[PDB]
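Working notes, beginning with the structure itself.
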Amino acid sequence: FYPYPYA
Amino acid sequence: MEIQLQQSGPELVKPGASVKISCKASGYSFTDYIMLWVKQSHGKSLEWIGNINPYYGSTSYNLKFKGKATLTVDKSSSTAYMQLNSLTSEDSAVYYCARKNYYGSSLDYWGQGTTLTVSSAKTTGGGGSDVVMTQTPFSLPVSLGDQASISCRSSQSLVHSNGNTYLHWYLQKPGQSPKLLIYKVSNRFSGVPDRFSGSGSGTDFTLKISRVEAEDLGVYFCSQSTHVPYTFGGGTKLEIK
């Protein structure tokens, strides 16, 4: 699930 | 323990050499947040260099820095690195690392910056389909107490599929690192006063300061992260007459 900011 | 991003000290290097800048994170779970890096040539805007996901060690770069900058992480020491190779005078700038969150896709915590001077001296210290962010005015002189309004226009809608608009405002006080002010159009970040308010939609956005105070002076940057690559506006300097 990490660590993610966008798309 | 409050979050802190602590970068390595100023560097003086010969053209052609390489430099490895560090960014030690503390106060949060290092592998749960993307670490982004930004370049700021003296007097110019912020440029996205690339991102690293500390959990996977996977990266993504701004096309122009791909092949120039190498982003790595050391999870044991909770430290991120950026190596720059074949340095020239055009690499002289301040580089920042900054934590990027998911909920806002914004840069909530910034390092203090690392000044790199590329020199033989012994002492001292494109377009494509990228979304373009245009800020107006370039400069806004006021008397303290005045209200202020600055605008930011994107070359295309920043409305995202999930219905959110990832348009944020940052404030960089003279000599300091940028700080997040407003994320996702109108949400005030922690500790940001009510005199600041963000509005707008699609491609048209505005930041308002009902009453300018001394601590508000500096350069305001809008940025979008709805589309990759991330892009920043050119900056609006708020200063006293």
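The basis for the numbers below is simple: all heavy atoms, side chains too, and nothing from hydrogens, waters or symmetry mates. Numbers restart at 1 for each chain; the letters A, B, ... are given by sequence-line order, proteins then strands.
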Checklist entry - Do other residues, nucleotides or ligands put more than 12 heavy atoms under 6.0 Å from the NZ atom of B:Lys24? => result no

Checklist entry - Got more than 12 heavy atoms from elsewhere within 6.0 Å of OH, B:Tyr33? => result no

Checklist entry - Which residue pairs pass the disulfide bond (SG atoms under 2.5 Å apart) test with at least one member in residues 164-208 of chain B, sequence neighbours excluded? => result none

Item to check | All pairs passing salt bridge (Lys or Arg N to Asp or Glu O under 4.0 Å) where residues 41-51 of chain B contributes a residue, at least two apart | outcome: B:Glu47-B:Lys64

Item to check | All side chain to side chain contact (heavy atoms under 4.5 Å, CB included) counterparts of B:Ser29, not counting sequence neighbours | outcome: B:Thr31, B:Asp32

Checklist entry - If every non-hydrogen atom of B:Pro54 is compared with every non-hydrogen atom of A:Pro3, which pair is closest and at what distance? => result CD-CG, 4.1 Å

Checklist entry - Under 3.5 Å, is there a donor-acceptor pair between the B:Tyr102 and A:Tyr6 side chains? => result yes

Checklist entry - With respect to chain A, which residue among B:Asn162, B:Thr226, B:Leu36 yields the maximal number of heavy-atom pairs within a distance under 4.5 Å? => result B:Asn162

Next on the checklist: I want to check something: taking the side chain as every heavy atom from C-beta on, are B:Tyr230 and A:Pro5 in contact at a cut-off of under 4.5 Å?
Outcome noted: yes

Checklist entry - Using the ring of each side chain (for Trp, its six-membered ring), is B:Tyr55 parallel, tilted or perpendicular to A:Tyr2, with breaks at 30° and 60°? => result parallel

Checklist entry - Measuring heavy-atom distances to chain A, does B:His227 have an atom under 4.5 Å in its side chain, in its backbone, in both, or in neither? => result neither

Checklist outcome for this item: Listed by number, the residues in residues 126-136 of chain B that come under 4.5 Å of chain A (heavy atom to heavy atom) are none

